[PDB]
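> Part one of the assembly, not moved from where it sits:
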Amino acid sequence: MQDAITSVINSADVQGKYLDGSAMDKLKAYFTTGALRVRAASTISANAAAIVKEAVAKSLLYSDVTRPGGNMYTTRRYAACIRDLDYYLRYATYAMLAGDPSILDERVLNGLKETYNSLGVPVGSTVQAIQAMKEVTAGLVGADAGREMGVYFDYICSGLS
């Protein structure tokens, strides 16, 4: 768990060197993008349940997975699916605020593949659900904030696949 600042400090410390001009430029880049990160995080905190339910309405609804036999069939499985998608959106917001995806592979992508493979959860359908969540939130917060959200959404989909 480290943001862009802590990773820059960790690189300069593992070097043992002081903060040179490249580290200063990286921190200036983060300190310019931080206000946009803050406003996108507020806008995403506004519409958590709406983004999640629009992602299910785009991908998972009216398909086979909500029908009998699907892994999203029962009300318990539906509630756990909404819970999993809320987790993905919340941690993508955290990784957007930090500017570093270390929290994603520390706390989402750690044992997620083995959990989903033990439960029988389809990984492709949940990857499509995360992609539709990314599409909806990029329609919500704009072009560049949607892109800096979608880089961590693509990180979650890549670590899941």
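Noted; the coordinates are in hand. Numbers count the residues shown, from 1 in each chain, chains lettered A, B, ... in the order given.
> give the contact list for the residue minimising distance to the centre of chain A.
Geometric centre of chain A, nearest residue: residue A:92, 2.6 Å, by C-alpha atoms, centre = their mean. Applying C-beta atoms under 8 Å, 6 or more residues apart in numbering, we find residue A:92 in contact with A:104, A:149, A:152, A:153, A:156. Yep, even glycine has a C-beta here, placed from its N, CA and C like the rest.
> So it versus residue A:17, what's the distance?
Residue A:92 is 33 Å from residue A:17, where distance means C-beta to C-beta, to the nearest Å.
> mind listing what's buried in stretch A:41-58?
The neighbour-count check on stretch A:41-58 (16 or more other C-beta atoms under 10 Å) flags A:41, A:44, A:47, A:51, A:52, A:54, A:55, A:56 as buried.
> actually stretch A:69-89, not the one I typed
For stretch A:69-89, the neighbour count (16+ other C-beta under 10 Å) marks A:71, A:72, A:77, A:81, A:82, A:84, A:85, A:88, A:89 as buried.
> which of the residues you listed sit farthest apart?
The span of the buried residues of stretch A:69-89, defined through C-beta to C-beta, is set by A:71 and A:89 at 20.0 Å.
> one more chain, chain B:
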Amino acid sequence: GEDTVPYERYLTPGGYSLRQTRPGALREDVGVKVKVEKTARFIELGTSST
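Now chain B, sitting on the chains shown earlier:
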């Protein structure tokens, strides 16, 4: 024309009305429409795959 024995070529509407519109001889389009017989859409939606 000197090769075939005759055969009943024409009926009156009385005789045809006698034989065909009897209930066992009847079809089911003959006089009013029949609607289409689909299954219920909630049964079709409740199956296990498209």
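> Once more for the buried residues of stretch A:69-89, now including chain B?
Within stretch A:69-89, the residues scored as buried using 16 or more other C-beta atoms under 10 Å in any protein chain shown are A:70, A:71, A:72, A:77, A:81, A:82, A:84, A:85, A:88, A:89.
> which of those lies closest to residue A:115?
For those, the nearest to residue A:115 is residue A:84 (10.1 Å; C-beta to C-beta).
> Give me the nearest residue to that closest one, chain neighbours excluded.
Once flanking residues are discounted, residue A:84 sits nearest to residue A:126: 7.1 Å by C-beta to C-beta, 6 or more residues apart in numbering or on different chains.
> if I pick the residue of chain B found nearest chain A, what's in contact with it?
Distance from chain A to each residue of chain B (C-beta to the nearest C-beta) is smallest for residue B:48, at 4.6 Å. By C-beta atoms under 8 Å, 6 or more residues apart in numbering or on different chains, the contact list for residue B:48 reads A:64, A:67, A:68, A:69.
> now the nearest residue to the last one once chain neighbours are set aside, what's its secondary structure?
Spatially, and ignoring its direct neighbours in sequence, residue A:69 is nearest to residue B:48 (4.6 Å; C-beta to C-beta, 6+ apart). Here residue B:48 is coil, with the state taken from DSSP: H, G, I helix; E, B strand; the rest coil.
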